[PDB]
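Reviewing the structure listed below.
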Amino acid sequence: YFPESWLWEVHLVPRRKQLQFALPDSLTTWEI
Amino acid sequence: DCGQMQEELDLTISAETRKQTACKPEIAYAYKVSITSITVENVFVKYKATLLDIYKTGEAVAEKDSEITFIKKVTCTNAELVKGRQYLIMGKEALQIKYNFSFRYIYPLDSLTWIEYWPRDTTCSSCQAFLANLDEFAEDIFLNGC
Amino acid sequence: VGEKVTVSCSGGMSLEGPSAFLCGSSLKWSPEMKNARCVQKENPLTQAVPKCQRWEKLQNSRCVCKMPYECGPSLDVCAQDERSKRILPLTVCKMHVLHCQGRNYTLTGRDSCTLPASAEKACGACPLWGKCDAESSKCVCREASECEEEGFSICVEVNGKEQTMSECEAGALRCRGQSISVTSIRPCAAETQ
Amino acid sequence: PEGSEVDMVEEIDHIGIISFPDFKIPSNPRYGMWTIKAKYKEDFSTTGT
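Chains as they are written, first to last, in UniProt numbering: chain A, 768 to 799; chain B, 1531 to 1676; chain C, 651 to 843; chain D, 166 to 214.
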């Protein structure tokens, strides 16, 4: 797969919210 | 790709080893023909031909007499070819694409290939047993194959 | 905002474009098309039928010969040299593939050469006209309905008369010990009307 | 990077977040430090960069 960036998203958080997603094949630190 | 050829007019050489060689999974060009002419780009001097017969002109190939190239390279000095000479050989099939609709039967003449001269007269040249052994090998590939 | 959508054309209809989209601030959708193709050429070219034959191997949407070695499973018979009167063993498909390649050949009588298929075989080496019997070391000849091989059609004398039949049927008659005599690897004139 | 302007794009603000269409880099670019300037298309200056 190998992205340089992702998760580029906007959400309403009604005091708590949870998202679920695949981390990519890149064996590197992802800064969120 | 560079290797070496067998010597011309070899006395009583193993004809069954030729069948084994032509049967190999790496073997998919095999024919008897005249060498016709040669070319210039030194890693693929083209070596045009006059097709007499074929036995495992294999992968996506067709019927004989096509007179196509069988290229050569400068480091293969033990595999020299003579213009107008009849010859026998075996090796891998051609890379099948080019600027034309196909590169079909443009032979690579690569390393570890079989090569030898094919006798144009054998009655005069002592015992015809060497040319007859080649004819028995060609008959065996045509009848039994691999 | 932040809700996502996934898109497809209806069943069996070929959609062109990106698969999924996300609702941004309050109006945008990205990266969806302005105009699109929900459906396409879902049916390929069919029955192209290149011109094969028993001595043949059609290719590139056209007819062609087969290799004589690929024709090697054909029934064994007597034949003669391409430029001499001398007799030798041969197979009908290998001879036909050679003639398709423009090579010379000649015919011979049913006893003119030491053809390996000239009588009934043992188990473990049976021709296409037979098979091994259960718990037995001998081969058995099949019926003409057991024709799993494609086969040539050939000319043979039976009951005192020349008749055309399938190569596998002539092979079954030969293996079972029926009174026959092969006359050519080509079919007879007998089907003329 | 040569200071020549190459596009403009507008979007309305609903949230205090404003997501713009994904500007594709032109088919042969000048490499180096492109700049994004932003202004309200209203009676405000408010340049951000």
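Here a beta-carbon is modelled for each residue, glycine too, at the ideal position from N, C-alpha and C.
Determine, for residue i, whether the minimum Cβ-Cβ distance to residues of chain D falls below 8 Å.
{"i": "C/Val651", "result": "yes"}
{"i": "C/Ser658", "result": "no"}
{"i": "C/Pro700", "result": "no"}
If I'm right that residue i touches residue j with Cβ under 8 Å, what's the distance once you round it to whole angstroms?
{"i": "C/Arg826", "j": "C/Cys791", "result": "4 Å"}
{"i": "C/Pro718", "j": "C/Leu708", "result": "Going by Cβ atoms, the distance from C/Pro718 to C/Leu708 rounds to 17 Å, so no, they are not a contact pair."}
{"i": "B/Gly1588", "j": "B/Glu1623", "result": "5 Å"}
{"i": "C/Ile804", "j": "C/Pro837", "result": "6 Å"}
{"i": "D/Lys202", "j": "D/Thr214", "result": "5 Å"}
{"i": "C/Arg760", "j": "C/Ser831", "result": "5 Å"}
{"i": "C/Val714", "j": "B/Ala1579", "result": "Contact doesn't hold; Cβ gap of about 20 Å is too wide."}
{"i": "B/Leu1581", "j": "B/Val1563", "result": "5 Å"}
Could you confirm whether any beta carbon from chain C is found closer than 8 Å to the beta carbon of residue i?
{"i": "B/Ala1659", "result": "no"}
{"i": "B/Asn1663", "result": "no"}
{"i": "B/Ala1592", "result": "yes"}
{"i": "A/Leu779", "result": "yes"}
{"i": "A/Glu776", "result": "yes"}
Would you call residue i buried or exposed, if buried means 16 or more other Cβ atoms sit within 10 Å of its Cβ?
{"i": "D/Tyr205", "result": "exposed"}
{"i": "C/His746", "result": "buried"}
{"i": "C/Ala820", "result": "buried"}
{"i": "D/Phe209", "result": "exposed"}
{"i": "D/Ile177", "result": "exposed"}
{"i": "D/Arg195", "result": "exposed"}
{"i": "C/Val655", "result": "exposed"}
{"i": "C/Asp726", "result": "buried"}
{"i": "C/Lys788", "result": "exposed"}
{"i": "C/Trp679", "result": "exposed"}
{"i": "B/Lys1594", "result": "buried"}
{"i": "B/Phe1631", "result": "exposed"}
{"i": "C/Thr764", "result": "exposed"}
{"i": "residue 1525 of chain B", "result": "In the structure as shown, chain B begins at 1531 and stops at 1676. Residue 1525 of chain B is therefore absent and cannot be evaluated."}
{"i": "B/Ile1645", "result": "buried"}
{"i": "B/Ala1668", "result": "buried"}
{"i": "C/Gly801", "result": "buried"}
{"i": "B/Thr1551", "result": "buried"}
{"i": "B/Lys1549", "result": "buried"}
{"i": "B/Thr1599", "result": "buried"}
{"i": "C/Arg687", "result": "exposed"}
Return the CA-CA distance between residue i and residue j, expressed in angstroms with no decimal places.
{"i": "B/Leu1541", "j": "C/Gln730", "result": "29 Å"}
{"i": "C/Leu738", "j": "C/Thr833", "result": "16 Å"}
{"i": "C/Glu653", "j": "C/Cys659", "result": "21 Å"}
{"i": "B/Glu1610", "j": "B/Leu1618", "result": "13 Å"}
{"i": "C/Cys743", "j": "B/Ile1671", "result": "15 Å"}
{"i": "C/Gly780", "j": "C/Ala822", "result": "7 Å"}
{"i": "C/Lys691", "j": "B/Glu1666", "result": "54 Å"}
{"i": "D/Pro166", "j": "D/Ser192", "result": "15 Å"}
{"i": "C/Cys728", "j": "B/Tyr1629", "result": "47 Å"}
{"i": "A/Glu798", "j": "C/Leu665", "result": "36 Å"}
{"i": "A/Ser772", "j": "B/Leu1625", "result": "41 Å"}
{"i": "B/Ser1567", "j": "B/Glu1556", "result": "27 Å"}
{"i": "C/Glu770", "j": "C/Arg824", "result": "8 Å"}
{"i": "B/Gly1614", "j": "C/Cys750", "result": "27 Å"}
{"i": "C/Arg753", "j": "C/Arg733", "result": "10 Å"}
{"i": "C/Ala775", "j": "B/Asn1663", "result": "28 Å"}
{"i": "D/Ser184", "j": "C/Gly674", "result": "7 Å"}
{"i": "B/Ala1560", "j": "B/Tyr1577", "result": "15 Å"}
{"i": "B/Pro1638", "j": "A/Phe769", "result": "39 Å"}
{"i": "C/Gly722", "j": "A/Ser793", "result": "55 Å"}
{"i": "A/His778", "j": "A/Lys784", "result": "9 Å"}
{"i": "residue 841 of chain A", "j": "A/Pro781", "result": "Any answer about residue 841 of chain A is impossible in this case: the structure gives chain A only from 768 up to 799."}
{"i": "B/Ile1584", "j": "B/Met1535", "result": "19 Å"}
{"i": "C/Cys818", "j": "C/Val689", "result": "49 Å"}
{"i": "B/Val1573", "j": "C/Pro694", "result": "42 Å"}
{"i": "D/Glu207", "j": "D/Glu175", "result": "12 Å"}
With 8 Å set as the bound, which would you pick, yes or no: does the beta-carbon of residue i sit closer than that to a beta-carbon of chain B?
{"i": "C/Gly662", "result": "no"}
{"i": "C/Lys771", "result": "no"}
{"i": "C/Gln751", "result": "yes"}
{"i": "residue 629 of chain C", "result": "Missing from the structure shown is residue 629 of chain C; chain C here goes from 651 to 843 and no further."}
{"i": "C/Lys744", "result": "yes"}
Answer yes or no: does any C-beta atom of chain F fall closer than 8 Å to that of residue i?
{"i": "C/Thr758", "result": "In the structure shown, chain F cannot be found, because the protein chains are A, B, C and D."}
*Going along the stretch 175 to 206 of chain D in order, which residues come within less than 8 Å of chain C, judged by CB to CB distance?*
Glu176, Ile177, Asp178, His179, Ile180, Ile182, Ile183, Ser184, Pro186 and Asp187
_Using a Cβ-Cβ cutoff of 8 Å, what residues of the stretch 705 to 733 of chain C are near chain A? List them in chain order._
none
*Any residues in the stretch 1664 to 1676 of chain B with a beta carbon nearer than 9 Å to a beta carbon of chain C? Which ones, in chain order?*
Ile1671, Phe1672, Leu1673, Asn1674, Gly1675 and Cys1676
*Could you run through the stretch 666 to 678 of chain C and flag, in chain order, every residue whose CB is less than 8 Å away from some CB of chain D?*
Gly674, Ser675, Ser676, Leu677 and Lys678
*asked:* Any C-beta of chain D within less than 9 Å: which residues of the stretch 677 to 696 of chain C qualify?
replied: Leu677, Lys678, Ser680 and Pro681
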